[PDB]
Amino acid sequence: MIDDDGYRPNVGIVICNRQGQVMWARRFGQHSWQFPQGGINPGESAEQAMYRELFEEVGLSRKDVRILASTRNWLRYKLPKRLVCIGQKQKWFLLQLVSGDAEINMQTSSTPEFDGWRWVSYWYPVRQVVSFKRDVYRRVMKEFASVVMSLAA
């Protein structure tokens, strides 16, 4: 769990299709949208935690996606002071959805985190995510862009 620096180890998930779009999910009972992310549990590899949270939050199996890329280093963001674990450090994965859209299901776990989802244009998340994640999102999308665009060519 939380290390000496106060950062929760965490995985984030960018799911794309072959049309230049990424999966944008609406936080349960809120108005804000974001990518799936979740904490790495003790004893888990990052990839393991990614596939677990992928099913918990989005209903998808390993069999429904393929991993296209991951970020090389932890990306860190600090929580707003009033919203306090002082932050999260994240490994990000780029997944292509190869099964049908209908496989996405926000209710496979007993604690759903999203109401639902839609496809959005590739550069929509950077300016739509909550302010304190923007710098991480900017970096993530920059690292993933060439791969997503190659699928859309």
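All residue numbers are counted from 1 along the displayed sequence.
In this entry, no coordinate-free residues of the deposited sequence separate residue 102 from residue 103. Averaged over Cα atoms, the B-factor as recorded in the entry is higher for 64-72 than for the other of 64-72 and 49-57.
Between the stretches 16-24 and 136-144, it is 136-144 that shows the larger average CA temperature factor.
Residue-level inspection of the entry shows that, of 86, 98, 95, 120, 86 has the top Cα B-factor. Comparing the listed residues 42, 39, 116, 36, the entry records the largest Cα B-factor for 42.
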